[PDB]
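Just one chain is shown here, as structure tokens, and it is the form deposited in one PDB entry.
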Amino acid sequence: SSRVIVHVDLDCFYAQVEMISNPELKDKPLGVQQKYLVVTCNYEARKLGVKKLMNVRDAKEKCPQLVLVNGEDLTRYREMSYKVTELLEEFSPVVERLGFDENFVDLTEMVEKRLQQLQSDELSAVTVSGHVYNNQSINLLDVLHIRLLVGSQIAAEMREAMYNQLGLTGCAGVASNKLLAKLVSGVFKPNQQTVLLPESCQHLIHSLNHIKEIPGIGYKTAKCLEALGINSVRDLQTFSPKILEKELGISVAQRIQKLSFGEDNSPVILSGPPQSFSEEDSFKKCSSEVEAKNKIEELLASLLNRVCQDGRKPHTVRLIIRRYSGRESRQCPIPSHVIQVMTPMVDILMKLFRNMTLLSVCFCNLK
């Protein structure tokens, strides 16, 4: 499908929001601490040595100047996330969210309208905004190249708007599919954008050194592949489809092999309003007594403020537990009286607990 897909990857999001919140934090190594880990850091801290998911103490030693603002409360990050998605939705309605820092948009229709409102007497001037992957030559005669070049311009527009309206810096990637767009978005990582012309897809797919770097292949699938002997993209591309279907399933095998060739027909989805609101707390086997009710109590109060703000209402509640040894869950439709609050809720949640390192409450079935 001749599609133009854009991937928007914001740089150090949690940190960028914290730096905007306290100007002083600007031009200073900043790390976002979650429990015992530094989940995100500014480029300055990365430069001095701080890395993602690093022990906080090791970091403050490698970077004694590391100011560490806590980020276990994701409320302000979530607010800016939806502000970014909303700006992008004004450009085109269908925006898919991946986490809070990434967004996908299909610019195909927008590209076509701009290309029709144009005259071929100005085609020699359709110019690229940003880097072209593999310094590939542009052919202003190939329609595909022109469409992707228009997407490059819309991406530059989206990025300038995100800075001018939300003060946020980010990277962009324009391609024919979501996989290629996400993979090209980080070729130039600090506040830059890259477009992948069709004749350079194989260079990007073979640029990867681990199959886990392919979006869609995680720990389990990769372990299965490594055991079959597949450690390269070419290995997955050249492996027998039949054996892979037999050991992984027809669905996973066909999709993952297509990804090895840079093929993804996945439609860009409209994520729209959130479908779940959850809150959790991590602990060191600190829950060995039904006193875990106290933890569930705190989690409920916090999540309650969030569901109050949305306006839509929850109809199913879920308790997710993490034992030390893999997360089990038990859900129940919320009684209507409660839908119209803590004591009834804790009673239901405790019954779910009794039927079943981490405790989580989730409000789903939102209407």
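Don't overthink the numbering: it's just position in the shown sequence, from 1. We call the rigid core whatever largest set of C-alpha positions still superposes within 1.5 Å between the two forms.
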Residue 340 to residue 341: deposited residues without atomic coordinates: 4 to 9
Missing from the model but present in the deposited sequence, between residue 325 and residue 326: 4 to 9
221 to 229 or 83 to 91, whichever carries the higher mean Cα B-factor: 221 to 229
134 to 142 set against 173 to 181, stretch whose average Cα temperature factor tops the other in the entry: 134 to 142
Of the residues 197, 98, 111, 286, the one carrying the largest Cα B-factor as recorded: 286
Third of the chain's Cα B-factor distribution that residue 123 belongs to, per the entry: highest
Residue 24 CA temperature factor, ranked by third within the chain: highest
Residue 265 - Cα temperature factor, lowest/middle/highest third of chain: lowest
Within-chain third of residue 293 by Cα B-factor, per the entry: highest
Ranked against its chain, the third holding the CA B-factor of residue 103: lowest
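What follows is about the form deposited in another entry, which we do not show.
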Flagged residue of 222, 268, 146, 292 - C-alpha shift reaching 2 Å or more between the shown form and the other one, core superposed: 292
